[PDB]
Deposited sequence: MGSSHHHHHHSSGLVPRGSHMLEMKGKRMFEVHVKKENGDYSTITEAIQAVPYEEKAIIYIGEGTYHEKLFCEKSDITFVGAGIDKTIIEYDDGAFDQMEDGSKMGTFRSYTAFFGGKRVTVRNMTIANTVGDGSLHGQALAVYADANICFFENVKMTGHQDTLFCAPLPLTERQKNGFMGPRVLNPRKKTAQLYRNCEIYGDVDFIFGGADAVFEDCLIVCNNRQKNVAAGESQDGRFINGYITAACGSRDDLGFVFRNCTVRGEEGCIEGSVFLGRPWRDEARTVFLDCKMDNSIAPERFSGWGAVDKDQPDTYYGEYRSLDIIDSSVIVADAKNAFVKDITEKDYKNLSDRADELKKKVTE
């Protein structure tokens, strides 16, 4: 079996840091980095043709860093969203399994956006990975076409083309509050636990968060959640957590056969900048959402009018498309 292998351990490894292991890997070589138990306080930048990272399991291998968008850089500039990442995964194919990746800086009101993971590779596959943060925990590239704020995309891909990506998340746990899964990827989340933090404790109607903030094209797949558990953290007030708001106007995000509780807002999805702002070019929706406790069917007839009614035909389409992205990624 030919594969370039590197073993990271706190003691007796090839290296004691992940960064040094990444350096070791030649871009063009199919590689795997095994990472032993421990907490690795590092900011990772990985760009490779075909690499796999395998930790010792969720909360056994932990990659953590604490950069926030509001931080000041040496040159005087604000770090910004897209430089806050604990880990950047770019290149052609990346696989990550059996670890926690955390941005520990804190709530966005004091520290700004703070990515745990910047997922930029053409094809990304996360399995049994836990990702924690507050604002903007997980970015699934690509960026929108153009910025609305000066230097809004400052980061490693600001100059680059907006490459479409295909991402698969299986058995992951993802924690955050405001826009904590966002970007323009075609991304399927399967059998994931997705939890909005109780922002109200970390700081009219109080809004704890927006699970998604997609910005893809109306002709692409966008975010598909299937058989996931989606909810606020224990303590979140009723109806204070949205399934999404559209970061750009053709946002696509669907939840198929998911379990949810009553922390989820009655409107289900928000407009951008105000709850009841119309977003007629989004494809936002739920199909067969079940209550988490008793598996009884959820009915929301107070959803925003722009939220779609997923017919059985729409559902088979979304399922087939999610299925073909899964094949592309795992094939």
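- Residues of the deposited sequence that lack C-alpha coordinates fall in the stretches 1-26, 230-236.
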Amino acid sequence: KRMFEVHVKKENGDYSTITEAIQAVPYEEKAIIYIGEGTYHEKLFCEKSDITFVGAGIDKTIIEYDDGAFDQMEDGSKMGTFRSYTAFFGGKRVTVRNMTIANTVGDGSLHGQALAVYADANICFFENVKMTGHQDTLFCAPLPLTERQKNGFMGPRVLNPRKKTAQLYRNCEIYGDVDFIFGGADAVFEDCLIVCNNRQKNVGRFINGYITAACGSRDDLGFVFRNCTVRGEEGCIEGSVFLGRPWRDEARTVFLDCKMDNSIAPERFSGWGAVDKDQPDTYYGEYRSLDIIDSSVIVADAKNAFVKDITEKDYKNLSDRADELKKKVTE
From here on, numbers count along this sequence of modelled residues.
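- Here the stretch with the larger average CA B-factor, out of 40-48 and 262-270, is 262-270.
- Checked against the record, the higher mean CA B factor of 5-13 and 303-311 lies with 303-311.
- Set against one another, the Cα B-factors of 204, 156, 90, 142 in the record reach their highest point at 204.
- The maximum CA B-factor among the listed residues 190, 127, 120, 233, taken from the PDB record, is found at 233.
- Annotation for residue 101: CA B-factor lies in the lowest third of the chain's modelled residues.
- The PDB entry assigns residue 26 a C-alpha temperature factor belonging to the middle third of its chain's modelled residues.
- Remark: residue 56 belongs to the middle third of its chain, ranked by C-alpha B-factor as recorded.
- Among the modelled residues of its chain, residue 199 has a C-alpha B-factor that falls in the highest third according to the deposited record.
- Among the modelled residues of its chain, residue 149 has a C-alpha B-factor that falls in the highest third, as given in the PDB entry.
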